[PDB]
Amino acid sequence: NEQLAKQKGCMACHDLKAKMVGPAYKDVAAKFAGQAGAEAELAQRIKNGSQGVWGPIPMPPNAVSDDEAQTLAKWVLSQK
Amino acid sequence: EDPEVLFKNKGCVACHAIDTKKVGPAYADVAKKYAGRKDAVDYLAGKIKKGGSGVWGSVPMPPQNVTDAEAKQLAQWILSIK
Ligand code: HEC
Ligand code: HEC
């Protein structure tokens with residue numbers, strides 16, 4: 001059962017649920033760490049969509065303003 | 001607006017979360033792979049106890065400190081997550 005799995009340490013290496021279709025933000029933050037122009041580049045990808053970085057499924061454009069895209073980019077890159 | 005708020009209200013939440021996947025497969029995915037597969041309980045109980053590699057990737061599951069009875073109970077529980 002679930003309680004036995006927890007006690008035995010199984011959940012250190014296993015999630016109950018599958019990953020979402022896009023990359024986890026902590027992974028995005030780590031990928032861009034120490035990269036020039038990360039903030040601006042990520043804001044553009046959030047607004048305009050992106051592909052070929054993490055897998056075969058593209059991210060479509062998002063209906064966000066320039067300011068919203070920058071806010072979100074900075075927040076993503078800060079996830080430590 | 002706060003990014004946490006935008007993250008939810010602009011649809012990002014449909015496709016993204018904060019935390020990365022753990023090293024082994026998600027139990028929901030194990031359940032899906034082995035549903036209706038003959039001998040799934042005994043197969044998985046064996047892997048849980050003995051450890052193994054190569055089915056989901058090259059990262060191994062170490063042998064686990066469980067009794068045979070616990071390994072079977074854990075396999076049965078995982079197979080129910082669907
Ligand atoms: C709502 C506004 C958001 C925000 C803030 C982000 N996304 Fe997505 N995203 C999705 C997929 C499949 C990818 C990977 C595409 C590929 O393989 O190239 C992404 C990528 C991102 C990133 C990382 C960009 C990079 O180049 O590293 C970031 C920061 C990001 N997203 C933020 C999928 C989806 C969705 C599926 C339908 C939706 C909706 C969104 N993303 C929305 C957002
Ligand atoms: C605690 C007792 C548990 C339980 C109940 C399970 N695990 Fe793991 N596990 C890990 C890795 C890397 C894998 C993939 C191995 C491969 O690619 O072949 C697995 C796999 C499983 C399965 C599926 C086995 C299969 O052949 O399909 C199951 C049912 C499972 N585990 C249950 C990694 C780890 C850990 C990392 C250190 C730890 C701890 C555990 N697992 C513990 C458990």
Side-chain angles (χ1 to χ4, degrees), chain A, chain B residues 1-33 44 47-48 51-66 74-75 77-82:
Chain A
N1 63 40
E2 184 178 35
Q3 178 159 19
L4 175 62
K6 280 178 193 177
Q7 198 289 308
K8 284 291 183 180
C10 309
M11 307 318 285
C13 296
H14 292 280
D15 302 299
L16 291 176
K17 299 173 62 169
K19 182 188 169 291
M20 314 285 279
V21 70
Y25 289 154
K26 282 174 174 171
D27 292 335
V28 178
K31 174 189 160 270
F32 277 95
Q35 295 203 341
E39 293 179 5
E41 183 58 39
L42 203 48
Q44 289 301 114
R45 295 187 186 178
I46 292 165
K47 201 166 171 55
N48 298 326
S50 56
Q51 63 170 228
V53 180
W54 295 89
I57 299 170
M59 177 172 47
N62 295 287
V64 289
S65 68
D66 287 343
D67 281 2
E68 289 170 342
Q70 177 48 216
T71 299
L72 285 162
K74 176 149 54 67
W75 177 71
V76 169
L77 293 167
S78 80
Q79 299 307 129
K80 302 288 157 184
Chain B
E1 186 55 274
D2 289 344
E4 283 90 354
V5 175
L6 293 168
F7 163 62
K8 294 176 184 164
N9 73 26
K10 290 289 184 170
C12 322
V13 73
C15 300
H16 292 280
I18 297 285
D19 281 1
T20 196
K21 179 188 166 292
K22 292 173 176 174
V23 295
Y27 289 158
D29 290 330
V30 176
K32 177 159 45 78
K33 177 174 178 75
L44 289 180
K47 291 293 166 180
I48 293 163
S53 198
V55 176
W56 299 87
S58 63
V59 179
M61 180 163 45
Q64 296 296 309
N65 176 38
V66 292
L74 287 160
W77 168 67
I78 291 166
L79 289 165
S80 78
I81 300 171
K82 61 187 174 188

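To find a chain, count down the sequence lines: A is the first, B the second, and so on, and within it residues start at 1.
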Side chain to side chain, [X] and [Y], heavy atoms closer than 4.5 Å:
| X | Y | result |
| --- | --- | --- |
| A/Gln70 | A/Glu39 | yes |
| A/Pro23 | B/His16 | yes |
| A/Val76 | A/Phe32 | no |

**Study point:** Parallel, tilted or perpendicular: rings of A/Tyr25 and A/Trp75 (30°, 60°)
**Key:**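 Plane angle over 60°, so perpendicular.
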To the nearest 0.5 Å, what is the distance between [atom1] ([X]) and [atom2] ([Y])?
| X | Y | atom1 | atom2 | answer |
| --- | --- | --- | --- | --- |
| A/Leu16 | A/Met11 | CG | CE | 4.0 Å |
| B/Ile48 | B/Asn65 | CD1 | CG | 13.0 Å |
| B/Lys10 | B/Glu1 | NZ | CD | 10.5 Å |

Check your understanding: Is it true that A/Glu41 and A/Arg45 make a salt bridge, defined as a side-chain N closer than 4.0 Å to a carboxylate O?
Key ->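 Counted as a salt bridge, because a side-chain N and a carboxylate O are separated by less than 4.0 Å.
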Exercise for review: Decide, yes or no, whether a salt bridge links B/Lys21 with A/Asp15 under the criterion of side-chain N to carboxylate O below 4.0 Å.
Suggested key: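 A/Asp15 and B/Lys21: not salt-bridged.
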Does a sphere of radius 6.0 Å around [atom1] in [X] hold more than 12 heavy atoms from other residues, nucleotides or ligands, not counting ones at 6.0 Å or beyond?
| X | atom1 | value |
| --- | --- | --- |
| A/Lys31 | NZ | yes |
| B/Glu4 | CD | yes |
| B/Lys22 | NZ | yes |

